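> how would this look folded up:
(chains A and B)
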Amino acid sequence: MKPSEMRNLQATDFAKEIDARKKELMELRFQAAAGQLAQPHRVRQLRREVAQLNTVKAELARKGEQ
RNA sequence: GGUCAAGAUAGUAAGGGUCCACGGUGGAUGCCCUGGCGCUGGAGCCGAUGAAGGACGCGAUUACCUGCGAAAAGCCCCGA
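Numbers count the residues shown, from 1 in each chain, chains lettered A, B, ... in the order given. Coordinates below:
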């Protein structure tokens, strides 16, 4: 979610995690359009989640290739 | 008391005037500060790593502002 249990993943295993959230985020976007969003907090959570993956994939790119 | 005569004089206000009472309109005066001005001192350049300044966006709901920038009213570390 946030500490060291996030960086264990390989190359395509990072792009995979993003894609699964973007898809969920879109299913929620469609849910919003048809008056079905009972859990709006889920929206920001996934956006915070995708941000974290994208931030870390840049940390590890510099904590190796310098 | 009655009739006639000769006199003289009053009230009525359609509307108006002055004063009084009570309102309405209006935003002066007073009180206040959420905002300004001056002087004294501090500080004093930003930009091809893309500035000043903008456009369009980012909200469960978002028209304006603010804050951001497709990682979008926020993501990571250190300190309080």
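
> for RNA strand B, what are the nearby residues on chain A?
A:2, A:32, A:37, A:40, A:43-44, A:47-48, A:50-52, A:54-55, A:58-59 (CB under 7 Å from any atom of the strand). C-beta: built from backbone N, CA, C; applies to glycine.

> same thing but 10 Å
A:1-3, A:6, A:18, A:21-22, A:25, A:28-29, A:31-33, A:35-59, A:61 (CB under 10 Å from any atom of the strand).

> are any of these buried, and which?
A:25, A:28, A:43, A:46, A:49-50, A:53, A:56-57 (16 or more other CB atoms under 10 Å).

> now those in JSON lines, with secondary structure?
Below are those laid out as JSON lines (DSSP: H, G, I helix; E, B strand; the rest coil):
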{"residue": "A:25", "secondary structure": "helix"}
{"residue": "A:28", "secondary structure": "helix"}
{"residue": "A:43", "secondary structure": "helix"}
{"residue": "A:46", "secondary structure": "helix"}
{"residue": "A:49", "secondary structure": "helix"}
{"residue": "A:50", "secondary structure": "helix"}
{"residue": "A:53", "secondary structure": "helix"}
{"residue": "A:56", "secondary structure": "helix"}
{"residue": "A:57", "secondary structure": "helix"}
